[PDB]
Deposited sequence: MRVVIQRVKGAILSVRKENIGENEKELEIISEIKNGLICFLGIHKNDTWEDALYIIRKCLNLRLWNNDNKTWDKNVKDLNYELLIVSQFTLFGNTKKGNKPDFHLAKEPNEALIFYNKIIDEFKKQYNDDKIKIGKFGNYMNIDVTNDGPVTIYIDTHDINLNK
């Protein structure tokens, strides 16, 4: 699994059907663009959840990188992003094979969302809409982009 984490003062998620409809809003917290790999195991998912929930990305008083999302009662917007497995090594049309197939990613993703809610709180974890087009207004703070790829652990 691959995750791109961005720190936000807020995030607005719309889907279609005046044309766009808002279905998700966080204030301060993280947006996590989440890529599911074909061979991804549950130990991989737990690693994402751990870091998103536990990475200290906020200043507090004198100190920096001192406080994680939970410490400050912040929110989390988890969007699925298979394009993180867009292969671009070979020519310019990106290649998506290594990304887990949709029906299997959905069910995976949902386990992951549930686990987010267990490790933290239902009301703090926003999702979007799986494999549907989205319009996400993201107020980036800093900005701060963290990139983790679980296949780099073991």
Review point. Quick one: where does the model skip the deposited sequence?
Key: 18 to 24, 162 to 164
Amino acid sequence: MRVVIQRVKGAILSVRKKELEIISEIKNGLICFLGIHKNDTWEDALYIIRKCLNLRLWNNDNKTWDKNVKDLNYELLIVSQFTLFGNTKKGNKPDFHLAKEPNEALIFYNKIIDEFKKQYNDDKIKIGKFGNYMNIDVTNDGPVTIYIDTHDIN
From here on, numbers count along this sequence of modelled residues.
Point to revise | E19 dropped in a third or more of the other entries | key: yes
Review point. Taking the recorded C-alpha temperature factors, which stretch has the higher mean, 90 to 98 or 113 to 121?
Key: 90 to 98
Exercise for review: Higher average CA B factor in the deposited record is what I'm after, so tell me if that's 102 to 110 or 27 to 35.
Suggested key: 102 to 110
Check your understanding: Checking the entry, which one of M1, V8, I153, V4 has the top C-alpha B factor?
Key -> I153
Point to revise | Most elevated Cα B-factor in the entry, residues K126, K70, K63, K129 | key: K63
Practice item. Please rank the C-alpha B-factors of the chain's modelled residues and tell me whether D137 sits in the lowest, middle or highest third. Key: lowest
